[PDB]
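Scroll down for the structure; my scribbles are underneath it.
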Number of protein chains: 2
Amino acid sequence: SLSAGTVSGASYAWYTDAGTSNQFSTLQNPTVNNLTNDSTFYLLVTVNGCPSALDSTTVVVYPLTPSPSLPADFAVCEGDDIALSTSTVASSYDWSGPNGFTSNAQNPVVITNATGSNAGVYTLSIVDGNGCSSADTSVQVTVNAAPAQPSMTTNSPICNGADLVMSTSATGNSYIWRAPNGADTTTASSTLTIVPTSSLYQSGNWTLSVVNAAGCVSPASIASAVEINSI
Amino acid sequence: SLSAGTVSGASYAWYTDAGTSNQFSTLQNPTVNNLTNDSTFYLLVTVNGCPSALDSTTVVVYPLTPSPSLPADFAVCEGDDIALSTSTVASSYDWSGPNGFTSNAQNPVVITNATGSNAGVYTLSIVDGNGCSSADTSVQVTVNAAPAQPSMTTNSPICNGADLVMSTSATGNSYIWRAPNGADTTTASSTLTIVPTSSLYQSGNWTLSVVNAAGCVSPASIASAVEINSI
């Protein structure tokens, strides 16, 4: 909007060109549309028939708010957490995304249990210190599925001194075998042999978790009892 | 904003220089932009063609609100609490940080279970008693990870009078061994030997916790039974 002071007996005229030509409005306080850069307007006031000196104005145009900075497209495993953030400072942040994710923060509340419904594209827009809105910038999040619960078979009726052999049919890159006392071991193969001299040669309830190509750990298997008998 | 009283038949002129030169506006109530310190303006009113005495004004500028005082960068262990506060008095406080932390208090609600998602930079800004905003000041919080659950092996089939020997493979600075009745002991070594004359020579379910370099205590191990038999 442009403006001019009130003068009794005055008529007003605004021009877009010094030299008093290319008139644009005969209102006192006319508007200007679509400003993209700094521009000037000229006011010439005429009271009783005499024109005044020409009085120019400059409308200063605030620069473009730059796009918000986001993490590159990332990848979480189901069960992990999606921590979004932006490195840029703003008066106001506006985030939106999958599953209705909505927030007003530089560092939004972390999604604590990633699942398939939280995968997708998360978008951020920013309001600068001057009031101008930035263009939207977004990050894609892929959530990698975990393997299903493995099944485990053991040679459970063991006489002490005989090897303990545990095996699965589950498929993954690596297998995590967990002892009754919490000790574990990771194997590349589906079959684990425990030698009587090992700290893992123990009776009780054993479990298996399987790790896939994406590095996701399956739910643990239903424990299988191992019984090591005396001689 | 500047102002002047209404006088019938008057025109108004404001000057930035006593001596009646460097005119700045012919409005009654013009504005002043970007004041950084105290400044004066001069009003000269002219009704019927006669100028008035020059009447000066002084615009007083309120000092800068100083930066809020925060704790130095600190460090919590996972499971401990992050207690933020500021020592300065204000009309309004505005805190923000990791995990969406937001508050309006001199002493914000304490984060009661520190974890990795609460680590990061916490920022505070202040509004003074006069309405002026301070510059942002921040404190970084590092949350130190606890060790994983230890595994424990004991020589459980013990004849009374024989030593009780307990050991782990877990790594840390110190090991906390906890007796069935709650009594405990801390060792530098991974192996604990309990002499029959000790108050710790007791049967039941024993556990182990391990302490790392940062001083964090691991989750306790799965209890191992110890059985001390009579002769």
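Quick note on naming: the chains in the structure tokens go A, B, ... in the order shown, residues restart at 1 in each chain, and ligands are numbered from 1 in order of appearance.
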
Need to verify the contact set: residue A:67, 8 Å, only C-alpha atoms, exclusion of same-chain residues closer than 6 positions in sequence. Can you return it as a PDB file with C-alpha atoms, in the first residue's frame?
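Output contents, as saved in around-v8.pdb:
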ATOM      1  CA  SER A 125       8.291 -24.977   5.581  1.00  0.00           C
ATOM      2  CA  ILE A 126       9.667 -21.897   7.375  1.00  0.00           C
ATOM      3  CA  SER A 134      10.027 -20.321   2.389  1.00  0.00           C
ATOM      4  CA  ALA A 135       9.485 -22.990  -0.225  1.00  0.00           C
ATOM      5  CA  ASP A 136       8.763 -26.515   1.008  1.00  0.00           C
ATOM      6  CA  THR A 137      11.698 -28.960   1.344  1.00  0.00           C
TER       7      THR A 137
END

- request: For chain B, report every residue with an atom at most 9 Å from chain A (counting only C-alpha atoms), formatted as a ChimeraX atom specification.
  value: /B:11,26-28,96-102,117,149-153,221-224

message: Just to confirm, what's the straight-line distance from atom CA of residue B:192 to atom CA of residue A:203 in Å (one decimal)?
response: 23.1 Å

- request: Skip residue A:34 itself and residues of its chain fewer than 5 positions away, then list as a PyMOL selection string all residues within 12 Å of it, counting only C-alpha atoms.
  value: chain A and resi 1+39+59+61

Selection above as a file: N, CA, C and O atoms, as a JSON list (two decimals), in the first residue's frame:
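again.json, freshly written:
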[["chain", "number", "residue", "atom", "x", "y", "z"],
["A", 1, "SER", "N", 0.83, -1.20, 0.00],
["A", 1, "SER", "CA", 0.00, 0.00, 0.00],
["A", 1, "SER", "C", 0.86, 1.24, 0.00],
["A", 1, "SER", "O", 1.90, 1.27, 0.65],
["A", 39, "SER", "N", 10.86, -0.80, -5.80],
["A", 39, "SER", "CA", 10.26, 0.05, -6.83],
["A", 39, "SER", "C", 9.91, 1.43, -6.28],
["A", 39, "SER", "O", 9.72, 1.60, -5.08],
["A", 59, "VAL", "N", 9.42, 1.60, -2.24],
["A", 59, "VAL", "CA", 8.89, 0.44, -1.55],
["A", 59, "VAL", "C", 9.97, -0.59, -1.56],
["A", 59, "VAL", "O", 10.37, -1.07, -2.63],
["A", 61, "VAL", "N", 11.56, -4.19, -0.92],
["A", 61, "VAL", "CA", 11.06, -5.56, -0.97],
["A", 61, "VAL", "C", 12.04, -6.52, -0.30],
["A", 61, "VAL", "O", 13.21, -6.60, -0.67]]

task: Skip residue B:60 itself and residues of its chain fewer than 6 positions away, then list as a ChimeraX atom specification all residues within 10 Å of it, counting only C-alpha atoms.
output: /B:35-40

Could you take the residues named above and write them with N, CA and C atoms, as a PDB file, in the first residue's frame?
ATOM      1  N   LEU B  35      15.350   3.117  15.727  1.00  0.00           N
ATOM      2  CA  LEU B  35      16.048   3.859  16.772  1.00  0.00           C
ATOM      3  C   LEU B  35      16.958   2.956  17.585  1.00  0.00           C
ATOM      4  N   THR B  36      18.224   3.338  17.676  1.00  0.00           N
ATOM      5  CA  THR B  36      19.202   2.573  18.417  1.00  0.00           C
ATOM      6  C   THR B  36      19.641   3.252  19.699  1.00  0.00           C
ATOM      7  N   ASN B  37      19.381   4.542  19.832  1.00  0.00           N
ATOM      8  CA  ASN B  37      19.762   5.300  21.005  1.00  0.00           C
ATOM      9  C   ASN B  37      18.806   6.475  21.122  1.00  0.00           C
ATOM     10  N   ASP B  38      18.950   7.267  22.179  1.00  0.00           N
ATOM     11  CA  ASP B  38      18.060   8.409  22.364  1.00  0.00           C
ATOM     12  C   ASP B  38      18.229   9.391  21.217  1.00  0.00           C
ATOM     13  N   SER B  39      17.119   9.942  20.730  1.00  0.00           N
ATOM     14  CA  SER B  39      17.174  10.916  19.638  1.00  0.00           C
ATOM     15  C   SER B  39      16.125  12.011  19.803  1.00  0.00           C
ATOM     16  N   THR B  40      16.359  13.171  19.192  1.00  0.00           N
ATOM     17  CA  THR B  40      15.401  14.258  19.283  1.00  0.00           C
ATOM     18  C   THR B  40      14.852  14.681  17.937  1.00  0.00           C
TER      19      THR B  40
END

query: So which residues of stretch 67-130 of chain B fall under strand (DSSP E or B) by DSSP, listed as number ranges by chain?
result: B: 74-77, 82, 92-96, 102-103, 111, 120-127

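By only C-alpha atoms, and with residues fewer than 5 positions from residue B:216 along its chain excluded, the set lying at most 8 Å from it is residues 77, 78, 144, 145, 146, 147 and 211 of chain B.
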